[PDB]
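The structure appears right after this line, and notes come after that.
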Amino acid sequence: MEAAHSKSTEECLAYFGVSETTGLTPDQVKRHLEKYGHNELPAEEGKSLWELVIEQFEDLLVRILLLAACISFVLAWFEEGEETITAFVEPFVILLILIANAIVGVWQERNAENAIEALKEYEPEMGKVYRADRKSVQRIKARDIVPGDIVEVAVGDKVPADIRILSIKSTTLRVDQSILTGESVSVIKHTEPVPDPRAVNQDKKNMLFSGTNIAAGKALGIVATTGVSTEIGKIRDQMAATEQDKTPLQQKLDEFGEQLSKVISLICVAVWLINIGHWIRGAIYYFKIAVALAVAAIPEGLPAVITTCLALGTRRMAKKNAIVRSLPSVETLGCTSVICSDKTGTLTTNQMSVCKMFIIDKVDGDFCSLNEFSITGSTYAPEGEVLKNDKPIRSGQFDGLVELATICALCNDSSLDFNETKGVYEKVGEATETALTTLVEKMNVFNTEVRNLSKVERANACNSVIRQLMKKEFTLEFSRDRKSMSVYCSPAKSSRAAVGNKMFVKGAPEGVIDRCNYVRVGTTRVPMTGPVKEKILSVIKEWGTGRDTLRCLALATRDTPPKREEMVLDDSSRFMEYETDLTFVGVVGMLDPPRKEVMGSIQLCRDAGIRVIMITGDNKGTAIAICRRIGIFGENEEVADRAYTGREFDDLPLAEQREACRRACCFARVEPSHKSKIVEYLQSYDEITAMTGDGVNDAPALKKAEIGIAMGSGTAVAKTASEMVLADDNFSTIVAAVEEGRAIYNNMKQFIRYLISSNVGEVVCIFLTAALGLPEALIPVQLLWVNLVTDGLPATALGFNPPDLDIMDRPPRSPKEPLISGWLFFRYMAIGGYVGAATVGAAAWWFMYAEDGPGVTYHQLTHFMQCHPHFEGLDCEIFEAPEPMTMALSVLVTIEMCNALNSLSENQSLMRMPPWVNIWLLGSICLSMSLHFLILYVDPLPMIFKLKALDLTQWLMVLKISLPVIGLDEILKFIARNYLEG
Ligand SMILES: C/C=C(/C)C(=O)O[C@H]1C(C)=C2[C@H]([C@@H]1OC(=O)CCCCCCC)[C@@](C)(OC(C)=O)C[C@H](OC(=O)CCC)[C@@]1(O)[C@H]2OC(=O)[C@@]1(C)O
Ligand SMILES: Nc1ncnc2c1ncn2[C@@H]1O[C@H](COP(=O)(O)OP(=O)(O)OP(=O)(O)O)[C@H]2OC3(O[C@H]21)C([N+](=O)[O-])=CC(=[N+]([O-])O)C=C3[N+](=O)[O-]
Ligand SMILES: [Cl-]
Ligand SMILES: [K+]
Ligand SMILES: [Mg+2]
Ligand SMILES: [Mg+2]
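Residue numbers (UniProt numbering): 1 to 278, 288 to 876, 880 to 994.
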């Protein structure tokens, strides 16, 4: 039954054809099951391990790096293998790296908890239905509840289906709908049809939504929808539907990878360009250079280096209490352009606070004076002080304030509890009432010593003094008609009727103040006149529709109550006349106040070019008032077309909506799906958006946003949906979390540039040793070992570079900003040209012009393949020698050690930026050298690798070749800052 909130109770009973008095039939329930299925959100299952590993292989660079590992296996099989059988295992290192880099990724994806299973925790197991099967109530499996069933709910029950209320058997039925509206105050339901067929859950006061739970009362209803078709079912349907996008950086690495897949295909054509005429050996040569061509092109270990860089940011962030569940999100938080954030529980403490209160002062003539007070503290904890005119006063010095707190402590069902496990006070009962309980604690009316109390005894210390002052005989409950409630108290002394027993009354100000024939002035009573009533009804309207928009409760007493045996308590309708001839005492103003640090944190995002949008299910006038307090709006700023309710927003034509999401800062009366749209719209303008929330109703927006941030105090659902938890609930840690993102990516830019322009030299070299007939090509094992650990250690040290000073004064980077720019392309083309020649020039220097180099002949080194009169006097097996290739390896090692010293800063001299500033960089160069020394001096490693040679002079030669790269860059660096300024 769709739109059941708008039809009558008879109409709903008629829609299915049932009476309340007797349920559905076994005939009906069987047919309904076959029509509507069972009552359950369907579980969503993760990917199988087979289908998870396969996803690692979809990337092209690993799809071609896999292809090169296979090609190596064949070459390993052939007699070059069998000449040196032990050292054919270079593919296994390739394969092992592909297996490792894939295994860390699957563990990244395998370790993950399900936010839909977290939602199904709101499905109750059992349900109470009346069916025609039997006369009594029937407790059955809630998944067997079909629509049209008659169901019953009492205190503490989870509502098992979306239910239209038929009969509220208690006085009020109070429901906790935080799962849909994000609010915590109990909603008072009714049975009258709500007509608008496009009313939001906040307006559907006659509905009971599956997942929500009953706070107080008992009710009977008829099921409107079961299973996925329910408001909570729409939440997960939009949660399973959303699909998280590719990181902007991972887009570039896919962009970059997609181009190597093409430029690798092209260099293989230029090798075949050797057709200038002006079989196993020929085959092996085409392949043995193709494999090394791929190994020299794709930056292996860059996935390894990137992973450990984020993993350390995860570790440093946890020091600042930001728990990062997804490692790729530590950089996307830097380019956050917009921050969408929930209100209650996020920007505010979600703890009702009594900010202001007043009582009468003077009443003479048409003049009426009020004592107005201010109460500090933004939490249920009894911490905070009462102020009059911003100077602290002692509440118990005002006789009117004594009565005000007595009414607050006695006309109250709520309590205060200190959770020793959590270390924080928690409400016991209604949020609205618990606020009054905390007020009495802050305003220690009878001056009870509370400094030495344990934290558990402090919770109710002051209320318990008042409880022992007067005995609470009975309580006239809250009822919808009068919007008021009362308690009947007897003095519990020997004075009895002389000191007199009293009625204490609290409720909506209009209803109470009408039934107030007197006005309390301290101890004395004065008749309620026109002027006095207006003066108090004036201030209430000011506190109601002001810059402080506060729910006001009127506190009155009845000094001469009716006779205890004269009042009947079966009937909630006589209660209003019972609460008559009252004496007005005072008024209190309530607010879920913003967290201490939220305001300043917003100003910091504004300073960093990040806007903040509030999106709340709370009433609009309240969200606007919290917005002014936070700084989203000005204190006197006339919000006009800048704050919309979900309905007003939905009423705009689709075109105007996207423009609204760019100019509007506040959104209220919002259903869960409304938040996901606004995120989606902001994303349509291609700015990275961040969603902060804590409730279940935020899980759609938390998933859609590129970066979800859940509060620690929030629901599990919200955490499971998001990529970051604020352990300490400190909103300031978001601003700090961004700073890390901006800083990391800057360092990521360096070690990506550093590791890539290292890869570009390995292709210039491998091409030179292939275009010209040079024997000495770098062996793939060297490129691997260097690109993995010899280049890995330095690149990771670029991750520790100092951050920029203005890092938080620049606007967010464009997500499509390219890493290698225009000149920086040339700068690395020139750097790539050098290191490409420096490794191949060493190769020739051994044979041609060296004392231990027997070859010489240069022109014959270029044509050494055939190997007799042209090769006479020289051994052919001397070209396989390991000594001529150490220079190539040691050139590349020393130049990339030096190129890493150029990577500590783009476009800036190291004469001006000494490597001292990054001490980590220098130590990492040492270990790559110390490990390089190891790969040259221990038989198991110089057998796979090359042998040390010309130690006295070769080392000088490599150091003599590697120096000009610092000058090449330092000249290119000076060319850069001379031209960038103009
Ligand atoms: C030689 C080794 C590599 C890995 C290579 O070819 O990378 C190219 C390449 C794919 C790009 C280029 C490289 O371009 C060249 O190398 C041009 C000359 C090639 C001839 C050499 C043979 C004689 C990078 C290396 O810039 C330079 C320094 O030339 C990175 C850059 O931006 C990045 O991808 C950096 C972020 C990872 C990309 O041009 C990139 O392609 C893109 O899609 C871009 C736009 O992104
Ligand atoms: N934003 C808020 N700030 C402060 N309080 C809020 C706020 N929102 C709701 N409440 C309190 O919560 C109860 C929720 O009832 P509900 O039907 O949702 O009423 P609304 O006034 O909110 O109409 P609305 O949905 O906004 O159009 C109300 O009952 C009472 O105080 C109200 C109430 N009253 O409204 O008059 C009287 C009362 N006693 O005891 O007299 C107890 C309440 N209570 O415990 O929640
Ligand atoms: Cl509203
Ligand atoms: K997300
Ligand atoms: Mg919330
Ligand atoms: Mg309201």
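All C-beta atoms in this analysis are idealised placements derived from N, C-alpha and C, irrespective of residue type, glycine included.
Taking C-alpha atoms, which residue in the options lies nearest to residue i?
i, options, result
"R460", "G409, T446, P391 and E486", "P391"
"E125", "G211, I179 and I54", "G211"
"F209", "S184, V175, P193 and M239", "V175"
"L413", "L564, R491 and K825", "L564"
"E519", "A507, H868 and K492", "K492"
"residue 997", "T388, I416, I384 and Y389", "There is simply no residue 997 to check, as the chain begins at 1 and stops at 994 in what is shown."
"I85", "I978, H944 and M955", "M955"
"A853", "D490, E466, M817 and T898", "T898"
"residue 877", "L485, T554, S488 and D568", "Inspection of the chain shows residue 876 followed directly by residue 880; residue 877 is thus not represented."
"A847", "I890, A900, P811 and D707", "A900"
"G885", "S823, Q869, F367 and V18", "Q869"
"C674", "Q920, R620, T965 and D162", "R620"
"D490", "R325, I188 and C471", "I188"
"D580", "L984, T171 and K481", "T171"
"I165", "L180, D149, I179 and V790", "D149"
"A444", "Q360, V339, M874 and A313", "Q360"
"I907", "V151, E435 and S974", "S974"
"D370", "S921, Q406 and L922", "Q406"
For residue i, does the count of other Cβ atoms within 10 angstroms reach 16, so buried, or fall short, so exposed?
i, result
"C938", "exposed"
"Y694", "exposed"
"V153", "buried"
"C318", "buried"
"residue 279", "There are no coordinates for residue 279 in this structure, because the numbering of the chain runs from 278 directly to 288."
"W50", "exposed"
"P820", "exposed"
"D157", "buried"
"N398", "exposed"
"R134", "exposed"
"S830", "exposed"
"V465", "exposed"
Are the CB atoms of residue j and residue i within a distance shorter than 8 Å?
i, j, result
"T9", "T191", "yes"
"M512", "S499", "no"
"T345", "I697", "yes"
"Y763", "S915", "yes"
"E575", "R524", "no"
"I624", "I549", "no"
"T654", "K629", "yes"
"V773", "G850", "no"
"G598", "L559", "yes"
"residue 279", "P602", "Position 278 is followed directly by 288 in the chain, which means residue 279 is not present among the coordinates."
"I633", "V607", "no"
"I475", "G409", "no"
"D703", "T724", "yes"
"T357", "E183", "no"
Contact defined as beta carbons within less than 8 Å: I believe residue i pairs with residue j. What is the distance between those atoms, to the nearest angstrom?
i, j, result
"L833", "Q759", "The Cβ separation is near 11 Å, so there is no contact."
"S72", "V271", "Not a contact, Cβ separation roughly 17 Å."
"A68", "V304", "6 Å"
"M720", "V333", "With a Cβ gap of about 15 Å, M720 and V333 do not count as contacting."
"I522", "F584", "Going by Cβ atoms, the distance from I522 to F584 rounds to 17 Å, so no, they are not a contact pair."
"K544", "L379", "7 Å"
"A786", "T778", "4 Å"
"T225", "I416", "Not really, about 44 Å apart at Cβ, beyond 8 Å."
What does residue i pair with, by DSSP beta-bridge criteria?
i, result
"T9", "DSSP, once it has assigned bridges, lists no residue as partnering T9."
"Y295", "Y295 is not bridged to any residue."
"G717", "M700"
"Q138", "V129"
"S488", "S493"
"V597", "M366 and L562"
Verify the CB distance criterion: does residue i have a CB-CB separation below 8 Å to chain B?
i, result
"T592", "Of the chains in the structure shown, none is chain B; there is only one protein chain."
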